[PDB]
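Text of the file run.tsv, holding TSV, N, CA and C atoms:
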chain	number	residue	atom	x	y	z
D	348	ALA	N	68.84	97.15	111.35
D	348	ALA	CA	67.76	97.04	112.31
D	348	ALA	C	67.56	98.37	113.04
D	349	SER	N	66.38	98.53	113.63
D	349	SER	CA	66.05	99.77	114.32
D	349	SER	C	66.70	99.80	115.71
D	350	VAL	N	66.46	100.90	116.43
D	350	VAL	CA	67.13	101.12	117.71
D	350	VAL	C	66.58	100.19	118.79
D	351	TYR	N	65.25	100.01	118.86
D	351	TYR	CA	64.67	99.20	119.93
D	351	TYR	C	65.00	97.73	119.77
D	352	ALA	N	65.24	97.29	118.54
D	352	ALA	CA	65.55	95.91	118.21
D	352	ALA	C	66.98	95.78	117.70
D	353	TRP	N	67.91	96.45	118.39
D	353	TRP	CA	69.32	96.45	118.03
D	353	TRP	C	69.89	95.04	117.99
D	354	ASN	N	70.65	94.75	116.94
D	354	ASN	CA	71.19	93.41	116.73
D	354	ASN	C	72.58	93.31	117.35
D	355	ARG	N	72.85	92.17	117.98
D	355	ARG	CA	74.16	91.87	118.55
D	355	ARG	C	74.79	90.79	117.68
D	356	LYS	N	75.89	91.13	117.02
D	356	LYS	CA	76.56	90.23	116.09
D	356	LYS	C	77.92	89.84	116.65
D	357	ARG	N	78.17	88.54	116.74
D	357	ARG	CA	79.43	88.04	117.28
D	357	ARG	C	80.50	88.06	116.19
D	358	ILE	N	81.59	88.77	116.46
D	358	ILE	CA	82.75	88.82	115.59
D	358	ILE	C	83.88	88.13	116.34
D	359	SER	N	84.32	86.98	115.83
D	359	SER	CA	85.31	86.17	116.52
D	359	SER	C	85.97	85.23	115.51
D	360	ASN	N	87.12	84.69	115.93
D	360	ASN	CA	87.95	83.76	115.14
D	360	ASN	C	88.30	84.36	113.78
D	361	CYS	N	88.63	85.65	113.77
D	361	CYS	CA	88.87	86.35	112.51
D	361	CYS	C	90.11	87.22	112.63
D	362	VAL	N	90.76	87.46	111.50
D	362	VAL	CA	91.90	88.38	111.43
D	362	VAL	C	91.35	89.77	111.12
D	363	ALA	N	91.60	90.71	112.02
D	363	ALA	CA	91.02	92.05	111.95
D	363	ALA	C	92.00	93.02	111.33
D	364	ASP	N	91.57	93.71	110.28
D	364	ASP	CA	92.36	94.75	109.63
D	364	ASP	C	91.56	96.05	109.72
D	365	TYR	N	91.73	96.78	110.82
D	365	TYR	CA	91.02	98.03	111.04
D	365	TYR	C	91.64	99.20	110.29
D	366	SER	N	92.79	99.00	109.64
D	366	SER	CA	93.44	100.06	108.88
D	366	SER	C	92.57	100.53	107.72
D	367	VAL	N	92.00	99.59	106.96
D	367	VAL	CA	91.14	99.94	105.84
D	367	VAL	C	89.84	100.57	106.33
D	368	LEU	N	89.33	100.12	107.49
D	368	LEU	CA	88.16	100.74	108.10
D	368	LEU	C	88.43	102.19	108.49
D	369	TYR	N	89.61	102.46	109.05
D	369	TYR	CA	89.96	103.83	109.42
D	369	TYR	C	90.27	104.68	108.20
D	370	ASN	N	90.88	104.10	107.16
D	370	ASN	CA	91.23	104.86	105.96
D	370	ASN	C	90.03	105.32	105.14
D	371	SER	N	88.84	104.79	105.40
D	371	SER	CA	87.64	105.24	104.71
D	371	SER	C	87.34	106.70	105.04
D	372	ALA	N	86.98	107.47	104.02
D	372	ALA	CA	86.70	108.89	104.16
D	372	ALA	C	85.23	109.22	103.91
D	373	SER	N	84.33	108.30	104.26
D	373	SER	CA	82.90	108.49	104.07
D	373	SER	C	82.13	108.11	105.33
D	374	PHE	N	82.63	108.58	106.47
D	374	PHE	CA	82.03	108.31	107.77
D	374	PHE	C	81.52	109.62	108.35
D	375	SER	N	80.23	109.65	108.70
D	375	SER	CA	79.67	110.82	109.37
D	375	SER	C	80.24	110.98	110.77
D	376	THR	N	80.38	109.88	111.51
D	376	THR	CA	80.89	109.91	112.87
D	376	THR	C	81.94	108.82	113.02
D	377	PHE	N	82.96	109.10	113.84
D	377	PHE	CA	84.04	108.15	114.10
D	377	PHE	C	84.69	108.58	115.41
D	378	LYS	N	84.65	107.71	116.41
D	378	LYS	CA	85.22	107.99	117.72
D	378	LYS	C	85.37	106.69	118.50
D	379	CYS	N	86.46	106.59	119.24
D	379	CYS	CA	86.73	105.46	120.13
D	379	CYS	C	87.04	105.99	121.52
D	380	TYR	N	86.63	105.24	122.54
D	380	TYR	CA	86.70	105.70	123.92
D	380	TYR	C	87.70	104.92	124.77
D	381	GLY	N	87.56	103.61	124.85
D	381	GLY	CA	88.41	102.81	125.70
D	381	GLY	C	89.70	102.32	125.09
D	382	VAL	N	89.99	102.68	123.84
D	382	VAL	CA	91.16	102.19	123.13
D	382	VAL	C	91.38	103.12	121.94
D	383	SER	N	92.65	103.36	121.60
D	383	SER	CA	92.98	104.21	120.47
D	383	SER	C	92.53	103.55	119.16
D	384	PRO	N	91.97	104.33	118.22
D	384	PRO	CA	91.53	103.74	116.94
D	384	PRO	C	92.65	103.12	116.12
D	385	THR	N	93.86	103.66	116.17
D	385	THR	CA	94.97	103.16	115.38
D	385	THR	C	95.76	102.06	116.09
D	386	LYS	N	95.43	101.76	117.34
D	386	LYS	CA	96.10	100.70	118.09
D	386	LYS	C	95.36	99.37	118.01
D	387	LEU	N	94.23	99.32	117.31
D	387	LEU	CA	93.48	98.07	117.18
D	387	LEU	C	94.18	97.05	116.29
D	388	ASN	N	95.14	97.47	115.48
D	388	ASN	CA	95.87	96.56	114.60
D	388	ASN	C	96.95	95.76	115.31
D	389	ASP	N	97.27	96.10	116.56
D	389	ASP	CA	98.28	95.39	117.33
D	389	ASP	C	97.70	94.51	118.43
D	390	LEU	N	96.69	94.98	119.14
D	390	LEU	CA	96.07	94.20	120.20
D	390	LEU	C	95.25	93.04	119.63
D	391	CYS	N	95.00	92.06	120.49
D	391	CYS	CA	94.20	90.89	120.16
D	391	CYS	C	92.99	90.83	121.09
D	392	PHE	N	91.80	90.73	120.50
D	392	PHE	CA	90.54	90.67	121.23
D	392	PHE	C	89.82	89.35	120.92
D	393	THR	N	88.62	89.23	121.49
D	393	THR	CA	87.68	88.16	121.18
D	393	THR	C	86.31	88.64	121.64
D	394	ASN	N	85.27	87.89	121.24
D	394	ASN	CA	83.87	88.17	121.59
D	394	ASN	C	83.43	89.57	121.17
D	395	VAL	N	83.95	90.06	120.05
D	395	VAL	CA	83.62	91.40	119.57
D	395	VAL	C	82.15	91.43	119.15
D	396	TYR	N	81.36	92.24	119.85
D	396	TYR	CA	79.92	92.31	119.64
D	396	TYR	C	79.60	93.56	118.83
D	397	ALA	N	78.97	93.37	117.68
D	397	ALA	CA	78.61	94.49	116.81
D	397	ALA	C	77.19	94.93	117.14
W	943	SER	N	109.68	81.09	170.56
W	943	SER	CA	109.31	82.50	170.61
W	943	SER	C	110.24	83.35	171.46
W	944	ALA	N	111.33	82.77	171.99
W	944	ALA	CA	112.28	83.55	172.78
W	944	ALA	C	113.02	84.59	171.95
W	945	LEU	N	113.14	84.36	170.64
W	945	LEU	CA	113.84	85.25	169.73
W	945	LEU	C	112.87	86.14	168.97
W	946	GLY	N	111.82	86.58	169.67
W	946	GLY	CA	110.71	87.28	169.03
W	946	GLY	C	111.07	88.61	168.40
W	947	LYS	N	112.01	89.35	169.00
W	947	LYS	CA	112.31	90.71	168.53
W	947	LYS	C	112.92	90.70	167.13
W	948	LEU	N	113.93	89.85	166.91
W	948	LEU	CA	114.57	89.76	165.60
W	948	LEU	C	113.60	89.26	164.54
W	949	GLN	N	112.78	88.26	164.89
W	949	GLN	CA	111.79	87.73	163.97
W	949	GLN	C	110.75	88.79	163.61
W	950	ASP	N	110.34	89.60	164.58
W	950	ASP	CA	109.40	90.69	164.31
W	950	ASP	C	110.00	91.75	163.40
W	951	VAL	N	111.29	92.06	163.57
W	951	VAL	CA	111.96	93.00	162.67
W	951	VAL	C	111.97	92.46	161.24
W	952	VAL	N	112.34	91.18	161.08
W	952	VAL	CA	112.37	90.53	159.77
W	952	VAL	C	110.98	90.51	159.14
W	953	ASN	N	109.96	90.16	159.94
W	953	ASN	CA	108.59	90.09	159.45
W	953	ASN	C	108.06	91.46	159.06
W	954	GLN	N	108.39	92.50	159.84
W	954	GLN	CA	107.95	93.85	159.51
W	954	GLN	C	108.55	94.31	158.19
W	955	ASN	N	109.85	94.05	157.98
W	955	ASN	CA	110.48	94.41	156.72
W	955	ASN	C	109.87	93.63	155.55
W	956	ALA	N	109.61	92.33	155.76
W	956	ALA	CA	109.01	91.50	154.72
W	956	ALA	C	107.60	91.98	154.36
W	957	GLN	N	106.79	92.33	155.36
W	957	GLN	CA	105.44	92.84	155.10
W	957	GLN	C	105.48	94.17	154.38
W	958	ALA	N	106.42	95.05	154.76
W	958	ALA	CA	106.56	96.34	154.08
W	958	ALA	C	106.91	96.15	152.61
W	959	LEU	N	107.87	95.26	152.33
W	959	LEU	CA	108.27	95.00	150.95
W	959	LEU	C	107.13	94.36	150.16
W	960	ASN	N	106.40	93.43	150.79
W	960	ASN	CA	105.28	92.76	150.13
W	960	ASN	C	104.16	93.74	149.82
W	961	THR	N	103.86	94.65	150.75
W	961	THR	CA	102.86	95.68	150.51
W	961	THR	C	103.29	96.61	149.38
W	962	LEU	N	104.59	96.97	149.35
W	962	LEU	CA	105.12	97.82	148.29
W	962	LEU	C	104.98	97.15	146.92
W	963	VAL	N	105.23	95.84	146.86
W	963	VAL	CA	105.07	95.11	145.60
W	963	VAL	C	103.60	95.00	145.22
W	964	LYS	N	102.73	94.73	146.21
W	964	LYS	CA	101.30	94.57	145.96
W	964	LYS	C	100.65	95.86	145.46
W	965	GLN	N	101.17	97.02	145.88
W	965	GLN	CA	100.61	98.30	145.45
W	965	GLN	C	100.70	98.52	143.94
W	966	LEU	N	101.59	97.81	143.24
W	966	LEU	CA	101.69	97.92	141.79
W	966	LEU	C	100.50	97.29	141.06
W	967	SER	N	99.68	96.50	141.74
W	967	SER	CA	98.51	95.88	141.16
W	967	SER	C	97.26	96.75	141.27
W	968	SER	N	97.37	97.92	141.88
W	968	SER	CA	96.25	98.84	142.03
W	968	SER	C	96.29	99.87	140.91
W	969	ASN	N	95.14	100.10	140.29
W	969	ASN	CA	95.07	101.06	139.19
W	969	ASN	C	94.93	102.50	139.65
W	970	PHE	N	94.60	102.74	140.93
W	970	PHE	CA	94.45	104.07	141.53
W	970	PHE	C	93.49	104.96	140.73
W	971	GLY	N	92.39	104.36	140.28
W	971	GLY	CA	91.38	105.06	139.52
W	971	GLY	C	91.62	105.09	138.03
W	972	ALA	N	92.74	104.57	137.54
W	972	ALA	CA	92.99	104.50	136.11
W	972	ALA	C	92.27	103.29	135.52
W	973	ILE	N	92.28	103.21	134.19
W	973	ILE	CA	91.62	102.11	133.49
W	973	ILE	C	92.32	100.78	133.76
W	974	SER	N	93.65	100.78	133.91
W	974	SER	CA	94.39	99.55	134.17
W	974	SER	C	95.52	99.85	135.13
W	975	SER	N	95.95	98.81	135.84
W	975	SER	CA	97.11	98.90	136.72
W	975	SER	C	98.42	98.57	136.01
W	976	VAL	N	98.37	98.28	134.72
W	976	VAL	CA	99.54	97.92	133.93
W	976	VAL	C	99.81	99.04	132.94
W	977	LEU	N	101.02	99.60	132.99
W	977	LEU	CA	101.40	100.68	132.07
W	977	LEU	C	101.41	100.21	130.63
W	978	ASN	N	101.89	98.99	130.38
W	978	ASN	CA	102.02	98.46	129.02
W	978	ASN	C	100.67	98.38	128.33
W	979	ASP	N	99.62	98.02	129.08
W	979	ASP	CA	98.27	97.95	128.54
W	979	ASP	C	97.82	99.32	128.04
W	980	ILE	N	98.03	100.36	128.85
W	980	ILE	CA	97.65	101.72	128.46
W	980	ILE	C	98.50	102.20	127.28
W	981	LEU	N	99.78	101.82	127.26
W	981	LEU	CA	100.67	102.21	126.17
W	981	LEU	C	100.23	101.61	124.85
W	982	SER	N	99.82	100.34	124.87
W	982	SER	CA	99.41	99.67	123.65
W	982	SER	C	97.93	99.86	123.34
W	983	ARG	N	97.16	100.49	124.23
W	983	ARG	CA	95.73	100.67	124.02
W	983	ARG	C	95.35	102.09	123.62
W	984	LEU	N	95.96	103.11	124.21
W	984	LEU	CA	95.43	104.46	124.13
W	984	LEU	C	96.34	105.38	123.32
W	985	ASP	N	95.79	106.55	123.04
W	985	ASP	CA	96.30	107.72	122.33
W	985	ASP	C	96.95	108.64	123.36
W	986	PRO	N	98.20	109.08	123.13
W	986	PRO	CA	99.01	109.82	124.15
W	986	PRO	C	98.31	110.96	124.88
W	987	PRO	N	97.35	111.77	124.23
W	987	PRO	CA	96.54	112.73	125.02
W	987	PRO	C	95.93	112.24	126.33
W	988	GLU	N	95.15	111.16	126.28
W	988	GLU	CA	94.55	110.60	127.48
W	988	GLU	C	95.40	109.50	128.11
W	989	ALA	N	96.32	108.91	127.34
W	989	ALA	CA	97.31	108.00	127.91
W	989	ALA	C	98.16	108.71	128.95
W	990	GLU	N	98.46	110.00	128.73
W	990	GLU	CA	99.19	110.78	129.73
W	990	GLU	C	98.39	110.90	131.02
W	991	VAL	N	97.07	111.11	130.90
W	991	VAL	CA	96.20	111.21	132.07
W	991	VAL	C	96.20	109.91	132.86
As structure tokens, what does this structure read like?
Amino acid sequence: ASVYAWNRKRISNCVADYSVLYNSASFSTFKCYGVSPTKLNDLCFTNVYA
Amino acid sequence: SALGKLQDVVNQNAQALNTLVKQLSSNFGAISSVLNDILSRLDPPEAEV
């Protein structure tokens, strides 16, 4: 979707494996602000909005 | 209330200790007031900050 009509997608009740997401080498941009990118595999979240 | 002086000493010490314990719940401008949260959340560069 475009910028003005940005979609909000609920990610919940799921087992998250961010290791494979981080191991990808075809990302133009990659940065995290409020949490370390490699620490997402230990913490537990909910209501993850994409 | 005839024994007010001793009770005031006890109460002053109790309030001081309670305030000292309560100060651990303040983040002092950090993202969290809990060290463990920052340890398990952040990258040591800014975790140090």
Exercise answer, chain W residues close to chain D, 7 Å and only C-alpha atoms, as a short mmCIF file (atom, residue, chain, number, x, y, z; two decimals) with N, CA and C atoms, in the frame of the given file:
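Wrote it out as result-v3.cif, contents follow:
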data_model
loop_
_atom_site.label_atom_id
_atom_site.label_comp_id
_atom_site.auth_asym_id
_atom_site.auth_seq_id
_atom_site.Cartn_x
_atom_site.Cartn_y
_atom_site.Cartn_z
N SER W 982 99.82 100.34 124.87
CA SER W 982 99.41 99.67 123.65
C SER W 982 97.93 99.86 123.34
N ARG W 983 97.16 100.49 124.23
CA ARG W 983 95.73 100.67 124.02
C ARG W 983 95.35 102.09 123.62
N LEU W 984 95.96 103.11 124.21
CA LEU W 984 95.43 104.46 124.13
C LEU W 984 96.34 105.38 123.32
N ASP W 985 95.79 106.55 123.04
CA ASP W 985 96.30 107.72 122.33
C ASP W 985 96.95 108.64 123.36
#
Exercise. Atom C of residue 392 of chain D and atom CA of residue 360 of chain D are how many Å apart?
Worked result: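 Pair atom C of residue 392 of chain D / atom CA of residue 360 of chain D returns 8.3 Å.
Taking atom CA of residue 356 of chain D and atom CA of residue 394 of chain D as endpoints, the distance between them is 9.4 Å.
Secondary structure of chain D, strand (DSSP E or B) only (DSSP, backbone atoms): residues 357, 358, 395 and 396 of chain D.
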For this session: Using atom CA of residue 988 of chain W and atom CA of residue 962 of chain W as the two end points, give the distance in Å to one decimal.
Result: 26.6 Å
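DSSP secondary structure from the backbone places residues 365, 366, 367, 368, 369, 370, 384, 385 and 386 of chain D of chain D in helix (DSSP H, G or I).
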Using the file's own x, y and z axes, so that the box edges lie along x, y and z, what centre and edge lengths in Å (one decimal) does a box around every listed atom of segment 364-367 of chain D get when 6 Å is added on each side? Give it as JSON.
{"center_x": 91.6, "center_y": 97.1, "center_z": 108.4, "size_x": 15.6, "size_y": 18.9, "size_z": 17.2}
Exercise. Do you know which residues are at most 7 Å from residue 355 of chain D counting all atoms listed in the file, after dropping those on the same chain fewer than 3 positions away, and could you put them as a list in words?
Worked result: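 Result of the neighbour search: residues 352, 396 and 397 of chain D.
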Given the block above, output segment 351-381 of chain D with N, CA and C atoms as a PDB file, in the first residue's frame.
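Generated file (out-v7.pdb):
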ATOM      1  N   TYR D 351       0.020   7.312   2.112  1.00  0.00           N
ATOM      2  CA  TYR D 351      -1.135   7.977   2.716  1.00  0.00           C
ATOM      3  C   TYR D 351      -2.149   6.967   3.241  1.00  0.00           C
ATOM      4  N   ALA D 352      -2.173   5.773   2.658  1.00  0.00           N
ATOM      5  CA  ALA D 352      -3.096   4.708   3.029  1.00  0.00           C
ATOM      6  C   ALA D 352      -2.347   3.532   3.639  1.00  0.00           C
ATOM      7  N   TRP D 353      -1.405   3.843   4.536  1.00  0.00           N
ATOM      8  CA  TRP D 353      -0.582   2.841   5.205  1.00  0.00           C
ATOM      9  C   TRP D 353      -1.435   1.821   5.953  1.00  0.00           C
ATOM     10  N   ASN D 354      -1.094   0.547   5.790  1.00  0.00           N
ATOM     11  CA  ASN D 354      -1.868  -0.532   6.380  1.00  0.00           C
ATOM     12  C   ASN D 354      -1.306  -0.896   7.746  1.00  0.00           C
ATOM     13  N   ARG D 355      -2.202  -1.157   8.692  1.00  0.00           N
ATOM     14  CA  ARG D 355      -1.836  -1.603  10.029  1.00  0.00           C
ATOM     15  C   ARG D 355      -2.245  -3.065  10.145  1.00  0.00           C
ATOM     16  N   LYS D 356      -1.263  -3.946  10.297  1.00  0.00           N
ATOM     17  CA  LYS D 356      -1.497  -5.382  10.344  1.00  0.00           C
ATOM     18  C   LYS D 356      -1.172  -5.910  11.733  1.00  0.00           C
ATOM     19  N   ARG D 357      -2.128  -6.611  12.333  1.00  0.00           N
ATOM     20  CA  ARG D 357      -1.946  -7.153  13.674  1.00  0.00           C
ATOM     21  C   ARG D 357      -1.174  -8.462  13.603  1.00  0.00           C
ATOM     22  N   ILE D 358      -0.046  -8.510  14.300  1.00  0.00           N
ATOM     23  CA  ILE D 358       0.766  -9.711  14.430  1.00  0.00           C
ATOM     24  C   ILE D 358       0.679 -10.127  15.893  1.00  0.00           C
ATOM     25  N   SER D 359       0.055 -11.275  16.146  1.00  0.00           N
ATOM     26  CA  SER D 359      -0.196 -11.721  17.510  1.00  0.00           C
ATOM     27  C   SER D 359      -0.445 -13.220  17.504  1.00  0.00           C
ATOM     28  N   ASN D 360      -0.340 -13.810  18.705  1.00  0.00           N
ATOM     29  CA  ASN D 360      -0.527 -15.247  18.956  1.00  0.00           C
ATOM     30  C   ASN D 360       0.378 -16.092  18.058  1.00  0.00           C
ATOM     31  N   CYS D 361       1.622 -15.647  17.892  1.00  0.00           N
ATOM     32  CA  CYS D 361       2.535 -16.303  16.969  1.00  0.00           C
ATOM     33  C   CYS D 361       3.906 -16.461  17.611  1.00  0.00           C
ATOM     34  N   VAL D 362       4.643 -17.474  17.167  1.00  0.00           N
ATOM     35  CA  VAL D 362       6.022 -17.674  17.600  1.00  0.00           C
ATOM     36  C   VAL D 362       6.925 -16.926  16.626  1.00  0.00           C
ATOM     37  N   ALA D 363       7.693 -15.978  17.148  1.00  0.00           N
ATOM     38  CA  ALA D 363       8.491 -15.067  16.340  1.00  0.00           C
ATOM     39  C   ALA D 363       9.929 -15.553  16.265  1.00  0.00           C
ATOM     40  N   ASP D 364      10.437 -15.709  15.045  1.00  0.00           N
ATOM     41  CA  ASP D 364      11.830 -16.076  14.803  1.00  0.00           C
ATOM     42  C   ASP D 364      12.454 -14.957  13.972  1.00  0.00           C
ATOM     43  N   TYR D 365      12.963 -13.929  14.654  1.00  0.00           N
ATOM     44  CA  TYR D 365      13.581 -12.793  13.981  1.00  0.00           C
ATOM     45  C   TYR D 365      15.009 -13.071  13.531  1.00  0.00           C
ATOM     46  N   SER D 366      15.564 -14.238  13.878  1.00  0.00           N
ATOM     47  CA  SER D 366      16.919 -14.593  13.463  1.00  0.00           C
ATOM     48  C   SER D 366      17.025 -14.702  11.945  1.00  0.00           C
ATOM     49  N   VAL D 367      16.067 -15.390  11.314  1.00  0.00           N
ATOM     50  CA  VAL D 367      16.076 -15.531   9.859  1.00  0.00           C
ATOM     51  C   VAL D 367      15.815 -14.189   9.181  1.00  0.00           C
ATOM     52  N   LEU D 368      14.980 -13.338   9.790  1.00  0.00           N
ATOM     53  CA  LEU D 368      14.755 -11.990   9.276  1.00  0.00           C
ATOM     54  C   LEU D 368      16.035 -11.161   9.313  1.00  0.00           C
ATOM     55  N   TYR D 369      16.804 -11.270  10.401  1.00  0.00           N
ATOM     56  CA  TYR D 369      18.060 -10.533  10.498  1.00  0.00           C
ATOM     57  C   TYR D 369      19.136 -11.130   9.597  1.00  0.00           C
ATOM     58  N   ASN D 370      19.151 -12.455   9.427  1.00  0.00           N
ATOM     59  CA  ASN D 370      20.166 -13.109   8.603  1.00  0.00           C
ATOM     60  C   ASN D 370      20.035 -12.811   7.114  1.00  0.00           C
ATOM     61  N   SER D 371      18.909 -12.250   6.668  1.00  0.00           N
ATOM     62  CA  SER D 371      18.745 -11.872   5.269  1.00  0.00           C
ATOM     63  C   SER D 371      19.736 -10.776   4.892  1.00  0.00           C
ATOM     64  N   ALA D 372      20.345 -10.920   3.716  1.00  0.00           N
ATOM     65  CA  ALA D 372      21.343  -9.979   3.225  1.00  0.00           C
ATOM     66  C   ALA D 372      20.860  -9.213   1.997  1.00  0.00           C
ATOM     67  N   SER D 373      19.562  -8.934   1.922  1.00  0.00           N
ATOM     68  CA  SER D 373      18.974  -8.216   0.796  1.00  0.00           C
ATOM     69  C   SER D 373      18.044  -7.118   1.295  1.00  0.00           C
ATOM     70  N   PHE D 374      18.509  -6.365   2.288  1.00  0.00           N
ATOM     71  CA  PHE D 374      17.750  -5.272   2.883  1.00  0.00           C
ATOM     72  C   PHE D 374      18.463  -3.961   2.581  1.00  0.00           C
ATOM     73  N   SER D 375      17.737  -3.020   1.974  1.00  0.00           N
ATOM     74  CA  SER D 375      18.290  -1.689   1.747  1.00  0.00           C
ATOM     75  C   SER D 375      18.501  -0.942   3.060  1.00  0.00           C
ATOM     76  N   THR D 376      17.544  -1.039   3.980  1.00  0.00           N
ATOM     77  CA  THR D 376      17.616  -0.356   5.262  1.00  0.00           C
ATOM     78  C   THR D 376      17.260  -1.341   6.370  1.00  0.00           C
ATOM     79  N   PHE D 377      17.909  -1.178   7.523  1.00  0.00           N
ATOM     80  CA  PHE D 377      17.669  -2.033   8.684  1.00  0.00           C
ATOM     81  C   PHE D 377      18.158  -1.269   9.901  1.00  0.00           C
ATOM     82  N   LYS D 378      17.247  -0.973  10.830  1.00  0.00           N
ATOM     83  CA  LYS D 378      17.579  -0.233  12.039  1.00  0.00           C
ATOM     84  C   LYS D 378      16.457  -0.404  13.053  1.00  0.00           C
ATOM     85  N   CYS D 379      16.839  -0.523  14.321  1.00  0.00           N
ATOM     86  CA  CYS D 379      15.910  -0.597  15.440  1.00  0.00           C
ATOM     87  C   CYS D 379      16.287   0.461  16.466  1.00  0.00           C
ATOM     88  N   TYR D 380      15.275   1.015  17.134  1.00  0.00           N
ATOM     89  CA  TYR D 380      15.472   2.162  18.012  1.00  0.00           C
ATOM     90  C   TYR D 380      15.227   1.839  19.481  1.00  0.00           C
ATOM     91  N   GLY D 381      14.047   1.334  19.827  1.00  0.00           N
ATOM     92  CA  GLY D 381      13.713   1.081  21.212  1.00  0.00           C
ATOM     93  C   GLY D 381      14.103  -0.268  21.765  1.00  0.00           C
TER      94      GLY D 381
END
